[PDB]
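A.B. asks: Chains as they are written, first to last, in PDB author numbering: chain I, 51 to 150; chain E, 1 to 50.
For every residue, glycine included, the Cβ atom is placed at its ideal position computed from N, Cα and C.
Here you go, one structure.
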């Protein structure tokens, strides 16, 4: 196991960022102009799908005139970590050590 | 109340401090911190000296 030294004046939580790739199902977005031009609710280009029929239907195709087609987007995620405290004590008397 | 029609809608920076979050995702810091605190001045005494 590895040890991370938390700073002093920054609360009791740690936060880290995570970046999602393009072709992934966690990359939900709204930049969804399709191959012919239409706002659809899918901006990740069939991400994380291994079906051939589904794959050869969202491929980005281009015509000789170009145009506003095949837009994409990206997202982010965050993760957290926490802390806590522990301890215990013991007590005794003086005659116990002397007369044992 | 706002600007003209968008008709484009790119990856923007919609106001995250209140309401609509963002295009990329969650933010860490949404405000700068003034590190010098504002302290009121002390009062004055007129009777102690006499």
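Please report whether the beta-carbon of residue 25/E lies at a distance below 8 Å from any beta-carbon of chain I.
C.D. replies: Within the second chain, the letter at position 25 stands for residue 25/E. Yes - at least one Cβ of chain I is within 8 Å of the one on residue 25/E.
A.B. asks: For the region 119-132 of chain I, which residues have a beta carbon sitting closer than 8 Å to at least one beta carbon of chain E?
C.D. replies: Against chain E - using a Cβ distance shorter than 8 Å - the residues of the region 119-132 of chain I are 123, 124, 125, 126, 127, 128.
A.B. asks: Could you name the residues of chain E that residue 144/I contacts, counting a contact when the two beta carbons are closer than 7 Å?
C.D. replies: What you label residue 144/I is simply residue 94 of the first chain in a count that begins at 1. The premise fails here: residue 144/I is roughly 51 Å from chain E at the closest Cβ pair, so nothing lies under 7 Å.
A.B. asks: Relative to the C-alpha of residue 63/I, which residue among 128/I, 142/I, 133/I is closest?
C.D. replies: Against the first chain, residue 63/I aligns to sequence position 13. Nearest option by C-alpha distance: 133/I.
A.B. asks: Quick one: residues in its chain with C-beta nearer than 6 Å to the C-beta of residue 123/I, no 5 flanking neighbours on either side, listed in chain order?
C.D. replies: Taking the first residue of the first chain as position 1, residue 123/I is located at position 73. The residues are 79, 81, 93.
A.B. asks: Entirely within the region 70-134 of chain I and at least 3 residues each: give me those beta strand (DSSP E) ranges in chain order.
C.D. replies: The region 70-134 of chain I contains these whole beta strand (DSSP E) runs: 126-132.
A.B. asks: Report the three-state DSSP secondary structure of residue 50/E (helix, strand or coil).
C.D. replies: One-based indexing of the second chain puts residue 50/E at position 50. Correct three-state label for residue 50/E: coil.
A.B. asks: Using CA coordinates, which residue listed in 110/I, 68/I, 97/I, 67/I is at the minimum distance from residue 83/I?
C.D. replies: Position 33 of the first chain holds residue 83/I. For residue 83/I, the nearest C-alpha among the options comes from 110/I.
A.B. asks: Count the C-beta pairs between the region 63-74 of chain I and the region 93-106 of chain I that are closer than 8 Å, then say yes if the count reaches three, no if not.
C.D. replies: Short answer: they touch.
A.B. asks: I'd like to know whether the C-beta of residue 1/E is nearer than 8 Å to at least one C-beta of chain I.
C.D. replies: In the second chain, the residue the question calls residue 1/E occupies position 1. Not one chain I Cβ lies under 8 Å of residue 1/E.
A.B. asks: Given 8 Å as the limit, is there contact between the region 32-39 of chain E and the region 128-143 of chain I, that is, 3 or more CB pairs closer than that?
C.D. replies: Cβ pair count under 8 Å is below three, so no.
A.B. asks: How many whole angstroms separate the CB atoms of residue 85/I and residue 127/I, which I take to be in contact at a CB cut-off of 8 Å?
C.D. replies: Along the first chain, read from residue 1 onward, the residue named residue 85/I stands at position 35. Along the first chain, read from residue 1 onward, the residue named residue 127/I stands at position 77. Rounded, the Cβ-Cβ distance is 29 Å, inconsistent with contact.
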